[PDB]
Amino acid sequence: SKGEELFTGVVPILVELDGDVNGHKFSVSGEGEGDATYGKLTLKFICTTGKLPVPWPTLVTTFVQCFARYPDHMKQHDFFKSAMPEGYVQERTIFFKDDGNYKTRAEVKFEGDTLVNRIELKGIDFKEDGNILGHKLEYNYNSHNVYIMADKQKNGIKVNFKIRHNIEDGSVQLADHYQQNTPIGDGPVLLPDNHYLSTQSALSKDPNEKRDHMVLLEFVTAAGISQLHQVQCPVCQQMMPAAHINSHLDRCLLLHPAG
């Protein structure tokens, strides 16, 4: 692809977010760099309105899958770099199990030398004393598989995955990510076969930073060219691994007899 050639070498990156969660208004800025050749993304973020009113780990996935390493044999499945430099709109709804949700809408595009990610986030229905507003998430991150499916009729992708957020008391708070990406231009774009991005992250703090902040390191590699693939029930839209769709449907069809 054409966009593809833009990602040899280190690209500077800039992130901006305006958020509103349960009324709480906030802003975050970030910058660093992405290096698709390794799959490596490094970024530092500052809440510029002061104290972030949600835990930093819940914003990790919100804060550029164009930086994934696609291996030679899968380079024709890389939708993200193909939509470059005009970019793509990334939209999500993220559902925090037994708590609220975020809806996000982002434009990821080149502005001259830098890849920018600008995000608007709206969060509702959170519990004042849940894991999110009560700040009960540990400050760490795990590894996930990000499952990608083409959406020809939108000329883009449907992407689904579940985030495992560790909680201070030892439990795990789940966050189901329902994502889609659409090109901003009318340039042609690679529409991929089912695959996944293998994602690993580490969060830290800059010890000479007293502002509320996150340093994030991400490693991302495309793989998987399936019973683990996270798919949506065509009845109720819930995501689940492919292996479970048949037994889920047997029950779900009977539950929603009018559909």
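In case it trips you up, residue 1 is the first one in the sequence shown, and so on.
Going from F26 to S27, you skip over nothing: the modelled chain follows the deposited sequence without a break. Unmodelled residues of the deposited sequence between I225 and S226: 4 to 9. The stretch 26-34 shows the higher mean C-alpha B-factor when 26-34 is compared against 192-200 in the entry. Two stretches are in play, 145-153 and 132-140, and the higher mean C-alpha B-factor belongs to 145-153. For the set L115, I167, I94, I163, the maximum C-alpha B-factor listed in the entry falls on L115. Per the deposited record, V10 carries the highest C-alpha B-factor of all listed residues (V10, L249, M239, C236). For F126, the recorded CA temperature factor ranks within the middle third of the chain's modelled residues. Per the PDB record, residue ranking by Cα B-factor puts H213 in the lowest third of the chain.
In this PDB entry, the Cα temperature factor of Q76 sits in the top third of its chain's modelled residues, the highest group. When the modelled residues of the chain are ordered by C-alpha B-factor, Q179 sits in the lowest third.
In the PDB entry, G39 places in the middle third of its chain by CA B-factor.
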